[PDB]
Structure formats: C-alpha cells, structure tokens
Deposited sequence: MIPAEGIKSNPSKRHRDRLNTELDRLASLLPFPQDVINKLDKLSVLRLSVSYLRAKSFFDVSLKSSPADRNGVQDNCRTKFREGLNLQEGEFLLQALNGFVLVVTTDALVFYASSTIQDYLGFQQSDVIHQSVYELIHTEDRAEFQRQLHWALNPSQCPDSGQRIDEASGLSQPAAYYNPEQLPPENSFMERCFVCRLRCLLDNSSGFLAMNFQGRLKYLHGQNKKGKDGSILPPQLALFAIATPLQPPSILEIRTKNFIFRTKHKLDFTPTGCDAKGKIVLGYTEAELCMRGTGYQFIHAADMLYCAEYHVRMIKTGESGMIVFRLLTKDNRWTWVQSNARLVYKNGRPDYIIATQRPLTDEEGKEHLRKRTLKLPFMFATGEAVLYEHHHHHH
C-alpha cells in the first residue's frame, strides 16, 4: 500500500457508508456513482432539515383500523390522485424534490433529478418564463423534456420560504431562507382507430335521430335511447354549422341526397366532434319516409380545413363555443 491509496480507500469506505444509508431501494443504490451518492445524501439532509421545521391523523371519534391504514398511505394516495408530479425548486433553480411519478410522466428517475438544475428538464424557450415564476400563488405552463420529444405541463403552486437550509454568509453567519416553488405539474387537455369508423344513424324527416349502430354509440357517446330524447339533430349541431347543415337539408329535401358535408356534432361529454356525413332520403310508396346518414369521424385539423374551404359563406361560420343538451 501507499499513503494515497490508503486515504482514497478511507474516503471510499465513507462513501459506501453514505450510500448504504440512502433512502432508496438497493437496486437504485447499487447503480449509483460517488457524485450521485453525495448529492442524494445532501438532498436527504436538506429535506429532513426543512421538515424538521415545517412539519408536525384520522379524527379521534372516527378511528378504525382500516382508516388508520388508509391514513398511513394518505400521502401516496394524494400523489396518485395528482395526475402528475410534485416539484419543489429553490431560488438557485435546483430541484429540491421531485416525486417518483415524474418517471411516469417524463421518464426521469427521481434519484437523477433531485438536487439538479431544473432548467435541464425544461425547454429553452420556456426557461426564461420558469425563473420568472421562481422570482404568492403561481399558475403557469411550461414544456418539459419527456423521454417517453417534450410535454406541455401546467404548474400550480406557491412560493414559500424553504427553511432550514443553513445558507452561510461571507461572515460565517446564517442567512435567512429563500423562497422556493412548491408546485404540482400536470399534463394538458384539448380520434384513434375510429378514423376507420363508418357508422350509420337513422333519423326522422326533421332529422330527429331514431336509431344508431354500435360505432355510432362509441363515437357520439349516447345510447340509442338517449340519442332520441333530445329533439332533432339541430340540437346536436355546432352553431357554426347550423345554417350550412340547414342549406344541405333543403338540398336533400329537394333532391333526396345531401352530398358529403363536414360538420360538428355534440357528444355526451359535451364535446364537439367533426363528422363527414351524407344524409339520404329513403322513400316509402314514392313519399319520403326517413333519413339514413352514413358518416365518418374526422380529426379536428382536417375538420378545420374543410371549414376553411367552405363553399358557402354563412353567418357564425368562424364561431367557437360550448353547448349543453337536455331532454
């Protein structure tokens, strides 16, 4: 042996001692490096120091053993109900903490993210905004690196003093704590194999739906009974397509075939879905009897394209809004 070797061996033994104490599974610990070991040790100490100041149960007249067991997992229940993950970031843009579910949403292990620069997980065009929210309530949107490209995510949180961080001065004196962002990050919200869905709907002569096939129930969300108790089809049609649909209804009355039109229908989720439909009159004894509309759902993009290429310029054509439907 030699002095350098023995000193390095002592240092490495202390590093292995630190690694064996980290609050992570053994498979996570074994694949760690010395720098990550020290980083996670510092992170654990800082978290415990903060909770030593900030922190510290079912009601006493409502205690049952099952409810106590649920209380012992209340935190994980909240985490799973977040539909996203927790993120505590310091003024130094360091990830003070990230909940495990980050791996479920971005593909990053929480052991590789904690005590690292948060900007490493953000889109550059959004980084300038993030620190803007870093320096009491906060509700913004940023795009974060997603290893499952990027992912747009809404952040809802606050700025609170991260106590117990023992920031020491030039004088060796303790400094007051800095603000830190405590945030919950969730994804955003606005068709699949149903692109090849071609479904048919039967209607009365006034376009009151009286029948619907299975793919129609899957696309529009109504049961066959629910689709009929809500009046004619004009109660389902977007207000930007009402007069277009009415003109093509007049065309169908005067010809028996409406041709291919692209319009928006209201689902049971109170959502709008584009359809390419063709209504045909079916006759009984030479007198019209009922309409048979055979349609295909469209993505919002190609629906907007069809609306842009509308032959008829009609009022409310470029209007957007929400609707409800009653019986």
Ranges missing from the model, given as deposited sequence positions: 1-8, 65-71, 151-189, 203-206, 249-252, 390-395
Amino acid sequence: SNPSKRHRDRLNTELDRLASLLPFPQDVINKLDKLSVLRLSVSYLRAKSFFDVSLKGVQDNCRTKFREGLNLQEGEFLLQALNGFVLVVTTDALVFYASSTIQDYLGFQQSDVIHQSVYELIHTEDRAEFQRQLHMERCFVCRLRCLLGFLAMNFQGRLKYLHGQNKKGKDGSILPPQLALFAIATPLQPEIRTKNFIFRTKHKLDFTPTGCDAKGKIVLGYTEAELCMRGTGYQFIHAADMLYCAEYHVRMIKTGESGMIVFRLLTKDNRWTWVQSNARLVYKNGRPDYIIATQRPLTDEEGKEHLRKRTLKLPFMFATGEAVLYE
From here on, numbers count along this sequence of modelled residues.
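The term rigid core refers to the maximal set of C-alpha atoms that superpose within 1.5 Å between the two forms.
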Comparing 16-24 and 307-315 where Cα RMS over structures and residues is taken in 5 other deposited structures of this protein (core fit), larger one: 307-315
Other PDB entries, at least a third, lacking residue 173: yes
Higher-B stretch (mean Cα B-factor, as the entry records it), 38-46 or 57-65: 57-65
Residue stretch of maximal mean CA temperature factor, 95-103 vs 171-179: 171-179
Deposited CA B-factor, highest of 245, 136, 81, 219: 136
Highest-ranked of 164, 187, 231, 211 once sorted by CA temperature factor in the record: 187
CA B-factor placement of residue 124, once the chain's modelled residues are sorted into thirds: highest
Third of the chain's Cα B-factor distribution that residue 201 belongs to, per the entry: lowest
Chain third (lowest, middle, highest) by recorded CA B-factor, residue given as residue 17: highest
Modelled-residue ranking by C-alpha temperature factor, third containing residue 250: middle
Lowest, middle or highest third - CA B-factor, residue 307: middle
